[PDB]
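> Just one file: entry.tsv, with TSV, C-alpha atoms and all ligand atoms.
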chain	number	residue	atom	x	y	z
B	3	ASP	CA	-12.56	44.50	45.62
B	4	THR	CA	-15.64	46.67	46.32
B	5	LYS	CA	-18.98	46.00	44.63
B	6	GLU	CA	-18.90	49.75	44.11
B	7	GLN	CA	-15.48	49.98	42.44
B	8	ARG	CA	-16.51	46.84	40.58
B	9	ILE	CA	-19.05	48.94	38.70
B	10	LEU	CA	-16.66	51.89	38.38
B	11	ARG	CA	-14.30	49.66	36.43
B	12	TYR	CA	-17.04	48.17	34.28
B	13	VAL	CA	-17.97	51.67	33.16
B	14	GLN	CA	-14.31	52.41	32.39
B	15	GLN	CA	-14.18	49.26	30.27
B	16	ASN	CA	-17.57	49.67	28.60
B	17	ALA	CA	-18.66	53.30	28.61
B	18	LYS	CA	-17.94	55.73	25.79
B	19	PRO	CA	-15.72	58.28	27.60
B	20	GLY	CA	-17.15	61.77	28.06
B	21	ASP	CA	-20.59	60.36	27.16
B	22	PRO	CA	-23.01	60.71	30.14
B	23	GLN	CA	-25.64	58.68	28.29
B	24	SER	CA	-23.32	55.70	27.82
B	25	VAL	CA	-22.22	55.79	31.46
B	26	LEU	CA	-25.84	55.59	32.63
B	27	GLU	CA	-26.47	52.63	30.34
B	28	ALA	CA	-23.34	50.83	31.53
B	29	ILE	CA	-24.25	51.19	35.21
B	30	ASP	CA	-27.82	50.02	34.56
B	31	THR	CA	-26.91	46.92	32.56
B	32	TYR	CA	-24.32	45.82	35.11
B	33	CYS	CA	-26.82	46.13	37.97
B	34	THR	CA	-29.41	44.36	35.84
B	35	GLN	CA	-27.57	41.26	34.60
B	36	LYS	CA	-25.03	40.93	37.43
B	37	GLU	CA	-24.92	42.59	40.86
B	38	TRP	CA	-27.75	44.73	42.26
B	39	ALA	CA	-27.14	48.22	43.63
B	40	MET	CA	-29.14	51.11	45.08
B	41	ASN	CA	-29.11	53.28	41.95
B	42	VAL	CA	-32.35	55.18	41.25
B	43	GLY	CA	-32.46	53.28	37.96
B	44	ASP	CA	-33.73	54.12	34.47
B	45	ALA	CA	-37.47	54.04	35.22
B	46	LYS	CA	-37.37	56.62	38.01
B	47	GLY	CA	-34.44	58.18	36.18
B	48	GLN	CA	-36.72	59.15	33.30
B	49	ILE	CA	-39.08	60.86	35.70
B	50	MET	CA	-36.08	62.71	37.16
B	51	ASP	CA	-35.05	63.80	33.70
B	52	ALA	CA	-38.61	64.98	33.01
B	53	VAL	CA	-38.85	66.99	36.24
B	54	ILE	CA	-35.38	68.50	35.80
B	55	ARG	CA	-36.19	69.63	32.26
B	56	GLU	CA	-39.39	71.26	33.45
B	57	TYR	CA	-37.71	73.30	36.18
B	58	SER	CA	-34.27	73.64	34.56
B	59	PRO	CA	-32.78	74.52	37.97
B	60	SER	CA	-29.67	76.66	38.32
B	61	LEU	CA	-28.54	75.24	41.68
B	62	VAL	CA	-29.35	71.65	42.67
B	63	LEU	CA	-28.58	69.83	45.91
B	64	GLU	CA	-28.20	66.04	45.92
B	65	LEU	CA	-28.22	64.17	49.25
B	66	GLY	CA	-26.29	60.93	48.98
B	67	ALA	CA	-24.25	60.19	45.87
B	68	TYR	CA	-23.33	56.53	46.27
B	69	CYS	CA	-21.77	55.72	42.88
B	70	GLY	CA	-22.71	59.01	41.20
B	71	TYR	CA	-25.39	57.46	38.97
B	72	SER	CA	-28.09	60.05	39.65
B	73	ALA	CA	-25.41	62.76	39.84
B	74	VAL	CA	-24.64	61.93	36.21
B	75	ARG	CA	-28.32	61.64	35.31
B	76	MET	CA	-28.89	65.09	36.75
B	77	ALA	CA	-25.70	66.86	35.65
B	78	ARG	CA	-25.88	65.74	32.01
B	79	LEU	CA	-29.13	67.72	31.80
B	80	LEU	CA	-27.87	70.91	33.42
B	81	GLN	CA	-27.77	74.10	31.34
B	82	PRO	CA	-24.43	75.96	31.06
B	83	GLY	CA	-23.57	77.63	34.35
B	84	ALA	CA	-25.81	75.35	36.38
B	85	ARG	CA	-24.05	73.64	39.25
B	86	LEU	CA	-24.88	70.47	41.18
B	87	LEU	CA	-23.71	69.98	44.77
B	88	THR	CA	-23.78	66.43	46.10
B	89	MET	CA	-23.10	65.40	49.70
B	90	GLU	CA	-21.69	61.94	50.39
B	91	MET	CA	-20.49	60.90	53.88
B	92	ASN	CA	-18.69	57.71	52.77
B	93	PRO	CA	-15.20	58.59	51.47
B	94	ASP	CA	-15.09	55.45	49.33
B	95	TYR	CA	-18.36	56.42	47.66
B	96	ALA	CA	-17.50	60.09	47.25
B	97	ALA	CA	-14.42	58.71	45.52
B	98	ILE	CA	-16.10	56.44	43.00
B	99	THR	CA	-18.62	59.19	42.33
B	100	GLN	CA	-15.94	61.76	41.54
B	101	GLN	CA	-14.39	59.42	38.97
B	102	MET	CA	-17.80	58.51	37.55
B	103	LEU	CA	-18.25	62.23	36.86
B	104	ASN	CA	-14.71	62.77	35.57
B	105	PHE	CA	-15.27	59.95	33.09
B	106	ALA	CA	-18.47	61.56	31.84
B	107	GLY	CA	-16.72	64.90	31.52
B	108	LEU	CA	-19.47	66.20	33.79
B	109	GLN	CA	-16.92	67.06	36.47
B	110	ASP	CA	-16.86	70.82	35.83
B	111	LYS	CA	-20.48	71.22	36.88
B	112	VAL	CA	-20.47	69.01	39.99
B	113	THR	CA	-18.96	69.94	43.35
B	114	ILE	CA	-18.74	66.93	45.66
B	115	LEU	CA	-18.88	67.55	49.42
B	116	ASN	CA	-17.60	64.61	51.49
B	117	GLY	CA	-19.41	64.57	54.83
B	118	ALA	CA	-22.76	64.08	56.54
B	119	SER	CA	-25.68	66.19	55.35
B	120	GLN	CA	-26.66	67.36	58.86
B	121	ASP	CA	-23.12	68.67	59.26
B	122	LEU	CA	-22.53	70.02	55.74
B	123	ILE	CA	-25.93	71.64	55.18
B	124	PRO	CA	-25.49	74.45	57.72
B	125	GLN	CA	-22.06	75.31	56.26
B	126	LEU	CA	-23.41	75.36	52.71
B	127	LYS	CA	-24.10	79.08	52.37
B	128	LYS	CA	-20.82	80.64	53.51
B	129	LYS	CA	-18.36	77.87	52.66
B	130	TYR	CA	-19.79	77.17	49.22
B	131	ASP	CA	-21.17	80.48	47.98
B	132	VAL	CA	-24.86	79.55	48.01
B	133	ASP	CA	-28.02	81.50	48.69
B	134	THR	CA	-31.03	79.28	48.00
B	135	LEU	CA	-31.47	75.92	46.28
B	136	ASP	CA	-33.64	75.56	43.19
B	137	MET	CA	-33.97	71.82	43.58
B	138	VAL	CA	-32.98	69.17	46.13
B	139	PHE	CA	-32.76	65.44	45.38
B	140	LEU	CA	-33.07	63.20	48.46
B	141	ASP	CA	-31.66	59.67	48.19
B	142	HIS	CA	-29.52	59.07	51.30
B	143	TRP	CA	-30.46	57.32	54.61
B	144	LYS	CA	-34.26	57.21	54.76
B	145	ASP	CA	-34.44	58.48	58.34
B	146	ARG	CA	-32.50	61.58	57.24
B	147	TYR	CA	-35.10	62.94	54.78
B	148	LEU	CA	-37.24	64.79	57.33
B	149	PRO	CA	-34.46	66.07	59.63
B	150	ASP	CA	-32.49	67.45	56.67
B	151	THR	CA	-35.64	69.10	55.29
B	152	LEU	CA	-36.26	70.88	58.58
B	153	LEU	CA	-32.54	71.63	58.65
B	154	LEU	CA	-32.59	72.95	55.08
B	155	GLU	CA	-35.55	75.14	55.99
B	156	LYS	CA	-33.85	76.51	59.10
B	157	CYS	CA	-30.71	77.57	57.23
B	158	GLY	CA	-32.83	79.55	54.78
B	159	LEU	CA	-31.76	77.36	51.87
B	160	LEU	CA	-35.35	76.86	50.76
B	161	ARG	CA	-37.04	79.41	48.57
B	162	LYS	CA	-40.67	79.81	47.49
B	163	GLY	CA	-40.77	77.39	44.55
B	164	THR	CA	-37.84	75.19	45.52
B	165	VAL	CA	-38.40	71.65	44.29
B	166	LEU	CA	-37.77	68.65	46.54
B	167	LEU	CA	-37.61	65.33	44.70
B	168	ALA	CA	-37.39	62.29	46.91
B	169	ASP	CA	-36.56	58.71	46.01
B	170	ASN	CA	-37.69	55.53	47.79
B	171	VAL	CA	-40.73	57.26	49.22
B	172	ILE	CA	-42.51	53.89	49.07
B	173	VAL	CA	-39.61	51.40	49.26
B	174	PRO	CA	-37.59	51.18	51.42
B	175	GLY	CA	-40.05	53.92	52.41
B	176	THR	CA	-39.90	57.25	54.24
B	177	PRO	CA	-43.14	57.47	56.30
B	178	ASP	CA	-42.27	60.47	58.50
B	179	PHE	CA	-41.00	62.53	55.57
B	180	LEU	CA	-44.06	61.82	53.41
B	181	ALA	CA	-46.49	62.36	56.27
B	182	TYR	CA	-44.82	65.65	57.16
B	183	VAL	CA	-44.57	66.97	53.60
B	184	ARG	CA	-48.10	66.03	52.52
B	185	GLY	CA	-49.67	67.46	55.65
B	186	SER	CA	-47.64	70.64	55.71
B	187	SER	CA	-49.14	73.74	54.13
B	188	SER	CA	-45.60	74.76	53.25
B	189	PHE	CA	-45.30	71.94	50.73
B	190	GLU	CA	-47.33	71.27	47.62
B	191	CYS	CA	-46.90	67.56	46.85
B	192	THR	CA	-47.29	65.34	43.81
B	193	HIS	CA	-46.61	61.63	43.60
B	194	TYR	CA	-45.01	59.80	40.62
B	195	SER	CA	-45.46	56.05	40.85
B	196	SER	CA	-42.70	53.96	39.31
B	197	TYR	CA	-40.71	50.83	40.08
B	198	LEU	CA	-37.81	50.00	42.38
B	199	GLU	CA	-34.55	49.88	40.42
B	200	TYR	CA	-33.60	46.63	38.68
B	201	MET	CA	-36.73	44.53	39.43
B	202	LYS	CA	-40.50	45.01	39.41
B	203	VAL	CA	-41.51	46.28	42.82
B	204	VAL	CA	-43.77	49.29	43.29
B	205	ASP	CA	-41.96	52.41	44.51
B	206	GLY	CA	-42.32	56.06	43.66
B	207	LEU	CA	-40.81	59.51	43.71
B	208	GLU	CA	-42.34	62.40	45.59
B	209	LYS	CA	-42.10	66.00	44.45
B	210	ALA	CA	-42.58	68.50	47.26
B	211	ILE	CA	-42.49	72.16	46.34
B	212	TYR	CA	-41.78	74.57	49.14
B	213	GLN	CA	-44.24	77.44	49.47
B	214	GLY	CA	-42.71	79.47	52.31
B	301	LIG	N1	-26.41	61.96	56.21
B	301	LIG	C1	-25.79	61.72	55.02
B	301	LIG	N2	-25.09	62.71	54.42
B	301	LIG	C2	-24.43	62.46	53.25
B	301	LIG	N3	-24.40	61.28	52.63
B	301	LIG	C3	-25.12	60.29	53.20
B	301	LIG	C4	-25.84	60.43	54.39
B	301	LIG	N4	-26.47	59.28	54.73
B	301	LIG	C5	-26.16	58.42	53.78
B	301	LIG	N5	-25.32	58.97	52.80
B	301	LIG	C6	-24.87	58.23	51.59
B	301	LIG	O1	-25.97	58.08	50.67
B	301	LIG	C7	-26.12	56.69	50.26
B	301	LIG	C8	-27.28	56.16	50.97
B	301	LIG	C9	-28.17	55.40	50.35
B	301	LIG	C10	-29.37	54.89	51.08
B	301	LIG	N6	-30.33	54.39	50.14
B	301	LIG	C11	-30.98	53.22	50.31
B	301	LIG	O2	-30.90	52.65	51.39
B	301	LIG	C12	-31.77	52.71	49.20
B	301	LIG	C13	-32.28	51.40	49.27
B	301	LIG	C14	-33.03	50.92	48.19
B	301	LIG	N7	-33.53	49.54	48.24
B	301	LIG	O3	-33.56	48.92	49.32
B	301	LIG	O4	-33.97	49.04	47.20
B	301	LIG	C15	-33.31	51.68	47.05
B	301	LIG	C16	-32.80	52.98	46.99
B	301	LIG	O5	-33.04	53.80	45.93
B	301	LIG	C17	-32.03	53.50	48.04
B	301	LIG	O6	-31.56	54.77	47.91
B	301	LIG	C18	-24.88	55.97	50.72
B	301	LIG	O7	-23.87	56.04	49.71
B	301	LIG	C19	-24.46	56.77	51.95
B	301	LIG	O8	-23.05	56.69	52.08
B	302	MG	MG	-32.66	55.72	46.09
Please rewrite the model in this file as structure tokens.
Ligand SMILES: Nc1ncnc2c1ncn2[C@@H]1O[C@H](/C=C/CNC(=O)c2cc([N+](=O)[O-])cc(O)c2O)[C@@H](O)[C@H]1O
Ligand SMILES: [Mg+2]


Amino acid sequence: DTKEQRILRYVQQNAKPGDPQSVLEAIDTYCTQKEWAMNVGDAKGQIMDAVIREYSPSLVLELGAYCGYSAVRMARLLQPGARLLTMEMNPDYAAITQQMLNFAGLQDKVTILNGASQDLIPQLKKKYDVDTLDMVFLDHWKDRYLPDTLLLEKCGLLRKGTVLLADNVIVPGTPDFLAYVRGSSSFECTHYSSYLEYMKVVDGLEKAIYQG
């Protein structure tokens, strides 16, 4: 019994089917009063929701799905036609995520890509019918943030105005990524201080908008 599939079941036993909102609340309560998990959470989630609404992106790239929590948070707010692509290298995780989405009825807007970002990213354009991303949400291995950003930029997936939202910029932390993005003239950055999911520890999200 996986701690991951543990949650997947809880949602199936407590979430109002086809109701993204309910799913999110099920996942959060479980991780709050029982086992802890690396879900962005509701605090940072609300910032996500706010940023997403502002930019109302057409094409959004998620790096690291885990249990699909943020994939649901993001997809439930997508306008008709908008598609969300989420890369997950762990087959067990990409599995739970897919169900998580199917249960929220959000499955028609999300295309899950099982594999490692560094490998999948350069295949993105031709194999998935993609030109440029409108938004990118980074939440996978912390040492992968910078390399994938340089990778994303090399494959011409970044466009003037593309929005990069990054989680855990303070904890666990992503020094190199932050340093690179805030010092680069190709990125206009803004910080949004919040709290690490399920507990009161300072951590924030970083928005880095690509300028060209
Ligand atoms: N190169 C790659 N391509 C595709 N998928 C990949 C990938 N590298 C990792 N993944 C997947 O993304 C998730 C990684 C989460 C790391 N976050 C964390 O380690 C983390 C830790 C805390 N924390 O300590 O509180 C809080 C957080 O919000 C966190 O996201 C895992 O499900 C992993 O399988
Ligand atoms: Mg995270």

> Please identify all protein, DNA and RNA residues within 7 Å of ligand LIG 301 (chain B), counting only C-alpha atoms and all ligand atoms, and report them as a VMD selection string.

chain B and resid 40 to 42 65 to 68 89 to 92 95 117 to 120 141 to 144 146 169 to 170 173 to 174 198 to 199

> Build an axis-aligned box that encloses every atom of stretch 104-113 of chain B listed in the file, pad it by 8 Å on each side, and report its centre and edge lengths in Å to one decimal, as lines of an AutoDock Vina configuration file.


center_x = -17.6
center_y = 65.6
center_z = 37.4
size_x = 21.8
size_y = 27.3
size_z = 27.8

> Identify, on the basis of only C-alpha atoms, every residue whose closest approach to residue B:59 does not exceed 9 Å; exclude the query and any residue fewer than 6 positions from it along the same chain; express the result as a list in words.

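So the residues in contact are residues 80, 81, 84, 85, 135, 136, 137 and 165 of chain B.
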
> Can you tell me, as a PDB file with C-alpha atoms, in the frame of the given file, what residues are no more than 12 Å from residue B:164 when counting only C-alpha atoms, ignoring any on the same chain fewer than 6 positions away?


ATOM      1  CA  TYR B  57     -37.710  73.300  36.180  1.00  0.00           C
ATOM      2  CA  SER B  58     -34.270  73.640  34.560  1.00  0.00           C
ATOM      3  CA  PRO B  59     -32.780  74.520  37.970  1.00  0.00           C
ATOM      4  CA  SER B  60     -29.670  76.660  38.320  1.00  0.00           C
ATOM      5  CA  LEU B  61     -28.540  75.240  41.680  1.00  0.00           C
ATOM      6  CA  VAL B  62     -29.350  71.650  42.670  1.00  0.00           C
ATOM      7  CA  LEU B  63     -28.580  69.830  45.910  1.00  0.00           C
ATOM      8  CA  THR B 134     -31.030  79.280  48.000  1.00  0.00           C
ATOM      9  CA  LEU B 135     -31.470  75.920  46.280  1.00  0.00           C
ATOM     10  CA  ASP B 136     -33.640  75.560  43.190  1.00  0.00           C
ATOM     11  CA  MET B 137     -33.970  71.820  43.580  1.00  0.00           C
ATOM     12  CA  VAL B 138     -32.980  69.170  46.130  1.00  0.00           C
ATOM     13  CA  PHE B 139     -32.760  65.440  45.380  1.00  0.00           C
ATOM     14  CA  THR B 151     -35.640  69.100  55.290  1.00  0.00           C
ATOM     15  CA  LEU B 154     -32.590  72.950  55.080  1.00  0.00           C
ATOM     16  CA  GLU B 155     -35.550  75.140  55.990  1.00  0.00           C
ATOM     17  CA  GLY B 158     -32.830  79.550  54.780  1.00  0.00           C
ATOM     18  CA  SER B 188     -45.600  74.760  53.250  1.00  0.00           C
ATOM     19  CA  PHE B 189     -45.300  71.940  50.730  1.00  0.00           C
ATOM     20  CA  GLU B 190     -47.330  71.270  47.620  1.00  0.00           C
ATOM     21  CA  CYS B 191     -46.900  67.560  46.850  1.00  0.00           C
ATOM     22  CA  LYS B 209     -42.100  66.000  44.450  1.00  0.00           C
ATOM     23  CA  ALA B 210     -42.580  68.500  47.260  1.00  0.00           C
ATOM     24  CA  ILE B 211     -42.490  72.160  46.340  1.00  0.00           C
ATOM     25  CA  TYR B 212     -41.780  74.570  49.140  1.00  0.00           C
ATOM     26  CA  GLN B 213     -44.240  77.440  49.470  1.00  0.00           C
ATOM     27  CA  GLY B 214     -42.710  79.470  52.310  1.00  0.00           C
TER      28      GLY B 214
END

> From the list B:124, B:47, B:185, B:83, which residue is nearest ligand MG 302 (chain B) when using only C-alpha atoms and all ligand atoms?

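Residue with the minimum atom-to-atom distance to ligand MG 302 (chain B): B:47.
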